Amino acid sequence: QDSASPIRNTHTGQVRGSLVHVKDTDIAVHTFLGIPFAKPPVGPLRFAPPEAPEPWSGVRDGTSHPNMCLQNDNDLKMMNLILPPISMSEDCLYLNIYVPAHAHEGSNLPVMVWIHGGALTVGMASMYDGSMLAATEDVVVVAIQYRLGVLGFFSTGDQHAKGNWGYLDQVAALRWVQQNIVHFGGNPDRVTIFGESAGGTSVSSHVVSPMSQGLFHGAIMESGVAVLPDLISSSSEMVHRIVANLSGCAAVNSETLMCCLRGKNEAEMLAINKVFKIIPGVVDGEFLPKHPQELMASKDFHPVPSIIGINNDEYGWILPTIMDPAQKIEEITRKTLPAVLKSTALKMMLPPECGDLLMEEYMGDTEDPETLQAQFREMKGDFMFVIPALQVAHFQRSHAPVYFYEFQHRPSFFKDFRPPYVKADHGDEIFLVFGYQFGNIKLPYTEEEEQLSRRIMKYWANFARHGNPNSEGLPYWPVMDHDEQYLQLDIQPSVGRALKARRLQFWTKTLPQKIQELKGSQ
Amino acid sequence: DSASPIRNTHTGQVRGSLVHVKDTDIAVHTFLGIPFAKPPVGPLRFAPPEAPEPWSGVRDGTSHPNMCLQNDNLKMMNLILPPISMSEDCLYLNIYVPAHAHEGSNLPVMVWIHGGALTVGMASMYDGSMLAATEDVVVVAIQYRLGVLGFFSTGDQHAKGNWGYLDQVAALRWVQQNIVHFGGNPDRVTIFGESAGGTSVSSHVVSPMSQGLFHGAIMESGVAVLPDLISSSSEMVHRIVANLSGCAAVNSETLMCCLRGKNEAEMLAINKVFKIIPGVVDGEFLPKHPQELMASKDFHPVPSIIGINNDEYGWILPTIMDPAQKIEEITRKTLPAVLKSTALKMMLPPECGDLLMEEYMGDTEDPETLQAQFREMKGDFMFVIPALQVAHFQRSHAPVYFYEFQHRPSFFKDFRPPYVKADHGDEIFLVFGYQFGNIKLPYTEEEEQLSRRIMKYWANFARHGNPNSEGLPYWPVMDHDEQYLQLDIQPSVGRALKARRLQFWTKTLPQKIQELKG
Ligand SMILES: *[C@@H]1O[C@H](CO[C@@H]2O[C@@H](C)[C@@H](O)[C@@H](O)[C@@H]2O)[C@@H](O[C@@H]2O[C@H](CO)[C@@H](O[C@@H]3O[C@H](CO[C@H]4O[C@H](CO)[C@@H](O)[C@H](O)[C@@H]4O[C@@H]4O[C@H](CO)[C@@H](O)[C@H](O)[C@H]4NC(C)=O)[C@@H](O)[C@H](O[C@H]4O[C@H](CO)[C@@H](O)[C@H](O)[C@@H]4O[C@@H]4O[C@H](CO)[C@@H](O)[C@H](O)[C@H]4NC(C)=O)[C@@H]3O)[C@H](O)[C@H]2NC(C)=O)[C@H](O)[C@H]1NC(C)=O
Ligand SMILES: *[C@@H]1O[C@H](CO[C@@H]2O[C@@H](C)[C@@H](O)[C@@H](O)[C@@H]2O)[C@@H](O[C@@H]2O[C@H](CO)[C@@H](O[C@@H]3O[C@H](CO[C@H]4O[C@H](CO)[C@@H](O)[C@H](O)[C@@H]4O)[C@@H](O)[C@H](O[C@H]4O[C@H](CO)[C@@H](O)[C@H](O)[C@@H]4O)[C@@H]3O)[C@H](O)[C@H]2NC(C)=O)[C@H](O)[C@H]1NC(C)=O
Ligand SMILES: [Cl-]
Ligand SMILES: [Cl-]
Ligand SMILES: [Cl-]
Ligand SMILES: [Cl-]
């Protein structure tokens, strides 16, 4: 049967993979783990663009998971059970490849490149196992890594540190895929980039980037786009000043600062890094030559065909758990709501006068605390995820096919160990995209969930093959046009039109107009 | 007006010098002999290029670099060269920048790739000062491994090949990393080159290894399918070098150790056998044959200028490849046998001789006319038909601007036979504003105006991916109407250049070859 130790060519040398079986298939998978796509970004290559990797002499071991990039532990008890024993290092520019075991140089399979999320400060490729997706849909799955936190996103806003190191690493990984994936049996002309949350923001940033042109044929943006408010910044000023200050560096010049910051060891860099729970991309002038808003609004914007979507409860549970650890949302009453919404307006970078606009839009005359709290979670999910997705879909759909989804399936394994109000939380679709297969865990699923995961994997792989999710036997997914149709993605399939049109009117026209009226009372 | 400018690179500081260009106000900073790769010597012979080493202090950028190892077989050519030596240590580039420019000036960048059949040439023949000064542009002249050292391949892991092409990639990666320090815009890099430099540029256009390293391409009298400069098989270069070296190894691992042991004189002796050497389909720089890469529905070329001259086989190439002047012996009596010999060189069966004769000579009796028809046919096969085929493949995916250059240079007109129109290379004089290594060529007022037009077309293309600007004659983009610029003192536009010849070479002759079979 299939080879236990497959050897494959790369530009830098041969790599030895291993053979893996997935549940309930004769189809086996070849894995190639920890392949370097760039030189380790250490010493003078810290806060520098990625350089081309060194050649090696022998057959390189491709059976070991790579180091994750430097990051902090900011429950997560379960993440360390369902993770390999991964170590952490500045030496982390590696990718992992999952290929059907039949495939070899020239098999010409579609390629799906997974970009992990984690607020551009946490995560790793080795959390994700592409074996089930690879095996079921006859597809090459590539999981990449990129610099995170200060090492990924530090910027002086000048030539000494333009920034977006992590995004340049993602470019370097996609260039590697163009140059090498044919040797693994992938088709470099059918590469689809996909990612969730900050991975969606990453994918969406590639879609607008002149630097990423020709590195992929299609894009999938799950619960994250390039204008996700906390992951993009016009100014480098605060990351510049905070890192310069905390590092203790003498900082008369950016040139002196860069020498001092390159002198810091890993423990010193981890201490500076821990301050940033989230970190934004900047307008670096290279990867993002302008703000993603300006790039999408451009008459000369030429996006690839795209899938864009969101879940029906983006702010249901996991994000409130992380960003409201004291459970203040459960204290919301009609009495407290005005003050909570003034505090929310400031976090959304609105004037505090907008608190009452948010209240009228999302809560109206509602007195019931349970209802008020659900309206509050709706409003947050809309601001952070749903409105940005709808805006980006609107900008892309005049130039290229957009297929829009709202994912609605509450996962069976979580529904009893979460509050009963939680529908499809942030990240709930990832379980179905990967066929319930992750690092060292097969998640439990119902028959219905298996059928829905098969449907989602075939939509995604069909899109990777053809730039269209549709095929005979899958429910119809209409392309998004002036009717603004979207897939209601659940066990029972349906189609809607103009998702949250009144909310989109509120956020994009009503609220900016009312802010402009405040400047008139002043 | 700085006499000794200092500029930053990733590997350290360089000291340039100040140059003034004839009768004009813009001065130029030059930075010569900058390393873009580690010397490809010892274990780095027949190996991909490594990143250059950092240096302490300020490196001298006032001296021209060594040329790569090569053989000479034009006495007065070396009179117009600076006194440069030859070495395996030759991975250097030269930079010409307007003297006003500094780190962040964000000028367009033009990267010149020299020709010479992938066996001869050097950056130091070319002086970018006049182009840099006239058009406010950074001009970079690169070097790359030539001959056996550039293009030896075992067709396997031990020597995949295309070392010279990987050096050109390494020079473009250096430009991405460093040109901002010289005042160049790394997002407006245009690669340009003539003949094997055109073939090189055209190979970058199809290469996944070169994607994102340039914004535009200019292919002067050479593309990636130029018949003698591409090979599917490494077999002949593999066996000839293995045999001549005396290495005689049963395995390519032993062969590679033996070939790395040879000194420079031993390598020059092996090298001399190859007057021309091809790129291989290595699976990496060229993942498939350039024909297949261009024919692909997923071919994504940059905007391109592609062109040829009206007399590609007029004088210089016949002088080099017909030293015995047997073209001047052609008569109606000898023509059939000459064309059977020509068919074999074009890799056609000898039966095709009479097809070539009908197509290019017909009933013609006059020896002078027959000889002109023969030179036309060779220029068409080697240059014109390949350029039109590549322009056809590119133009449905990206803007192509096509030119036929027609200007006979005034300084050569009296010296050459009167039948010679715009010979192979004649446009290079106008692209560089008649400025070369330690020579300013003499030109008429009309030639100055035409050179200013060509430099502005090329620099406009570097800035915008479109040669056009107000005051230049219109250059239409190439679409289904197949318009091209007739580039001469009097501007004009044609459609479907040599359409009957294109029909002959691309449909009639292949059909008749398939009729010889079966
Ligand atoms: C990281 O950031 C923090 C915070 O920075 C601040 O906030 C951010 C957001 C930005 O807005 C910054 O612009 C802003 O500065 C930095 O911490 C701050 O550091 C500054 C110095 O830049 C301090 O200002 C001085 O404070 C001293 C008094 O404070 C000292 O004593 C404290 C104990 O009570 C101790 O905890 C402090 O650490 C501090 O100790 C000193 O530290 C500095 C820096 O290393 C060192 O140079 C001193 O030698 C040392 N001093 C002593 C006695 O131990 C105050 O006395 C100073 O006043 C003089 O200096 C001013 C500017 O130079 C000037 O305007 C004043 O008028 C005054 O000037 C003197 O005048 C007389 C004549 O009248 C003359 O004879 C003297 O020669 C002359 N001297 C000078 C030098 O001019 C001064 O105000 C801030 O208090 C401090 N803030 C906090 C909250 O801690 C930190 O530096 C950053 N780190 C890095 C690596 O960048
Ligand atoms: C470089 O290439 C040279 C040509 O090689 C041939 O052509 C290439 C393209 C391939 O097809 C290759 O496979 C061919 O062999 C090559 O020169 C040649 O070398 C071979 C030996 O491999 C010679 O064959 C033998 O010749 C002798 C006669 O003596 C002469 O050769 C020796 C060599 O040491 C000299 O010292 C003498 O003075 C003579 O000049 C025959 O007696 C002998 O026959 C016996 O051996 C073979 C098997 O080994 C049996 O098949 C026979 O039955 C006999 O038992 C060989 O036939 C060949 O004649 C010679 N050609 C020429 C034109 O000189 C050269 O060696 C290559 N260089 C390196 C370093 O590899
Ligand atoms: Cl490396
Ligand atoms: Cl995230
Ligand atoms: Cl070096
Ligand atoms: Cl040439």
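Chain A is numbered as in Swiss-Prot; the shown residues are, in order, 27-100, 106-553.
Using N, Cα and C of the backbone, Cβ positions are placed for all residues, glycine too.
Here A:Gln27 (pyrrolidone carboxylic acid) comes close to A:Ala54: these same-chain residues lie at least six apart in sequence, with C-beta atoms under 8 angstroms from its C-beta. What Swiss-Prot records for A:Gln27 is pyrrolidone carboxylic acid.
Residues or ranges marked as disulfide bond in Swiss-Prot (evidence: similarity to another entry): A:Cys95-A:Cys123 (among others). For A:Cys95 (disulfide bond), the Cβ neighbour count at a 10 Å cut-off comes to 27, with all displayed protein chains included.
Long-range Cβ neighbours of A:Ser228 (active site, acyl-ester intermediate) (same chain, at least 6 residues apart, Cβ-Cβ under 8 Å): A:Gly148, A:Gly149, A:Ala150, A:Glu253, A:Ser254, A:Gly255, A:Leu259, A:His457, A:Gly458. Annotation source Swiss-Prot lists active site, acyl-ester intermediate at A:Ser228.
Sequence-distant neighbours of A:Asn276 (N-linked glycosylation site) (same chain, 6+ apart, CB under 8 A from its CB) do not exist here. Per Swiss-Prot, the feature N-linked glycosylation site maps to A:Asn276; the stated evidence is sequence analysis.
What Swiss-Prot lists as disulfide bond is A:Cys280-A:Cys291 (among others). Counting Cβ atoms from all protein chains shown, A:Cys291 (disulfide bond) has 14 others lying within 10 Å of its own Cβ.
In the three-state DSSP assignment, the secondary structure recorded for A:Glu345 (active site, charge relay system) is coil. Feature annotation from Swiss-Prot assigns active site, charge relay system to A:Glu345 (among others).
In the three-state DSSP scheme, A:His457 (active site, charge relay system) is classed as coil. What Swiss-Prot records for A:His457 (among others) is active site, charge relay system, and it gives similarity to another entry as the kind of evidence.
Cβ neighbour count for A:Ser552 (phosphoserine): 6 (other Cβ atoms within 10 Å of its Cβ, all protein chains included). Taken from Swiss-Prot, the feature phosphoserine covers A:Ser552, and the record attributes it to a large-scale study or a structure entry.
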Cβ-Cβ under 8 Å from A:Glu345 (active site, charge relay system), same chain, 6 or more residues apart: which ones? A:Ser254, A:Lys411, A:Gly412, A:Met415, A:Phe416, A:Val417, A:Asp456, A:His457
Distance-selected recorded positions near ligand 1 (C-beta under 6 Å), from A:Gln27, A:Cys95, A:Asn276, A:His457: A:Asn276
Give me the Cα-Cα distance between A:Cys123 (disulfide bond) and A:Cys280 (disulfide bond), rounded to a whole Å. 26
Relative to the Cα of A:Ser552 (phosphoserine), which of the disulfide-bonded residues A:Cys95, A:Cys280, A:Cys291 has the closest Cα? A:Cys280
Around A:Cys280 (disulfide bond), which residues of its chain at least 6 apart sit with Cβ under 8 Å of its Cβ? A:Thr287, A:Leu288, A:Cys291, A:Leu292
Å between Cα atoms of A:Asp106 and A:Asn100 (gap: 5 unmodelled residues): 11
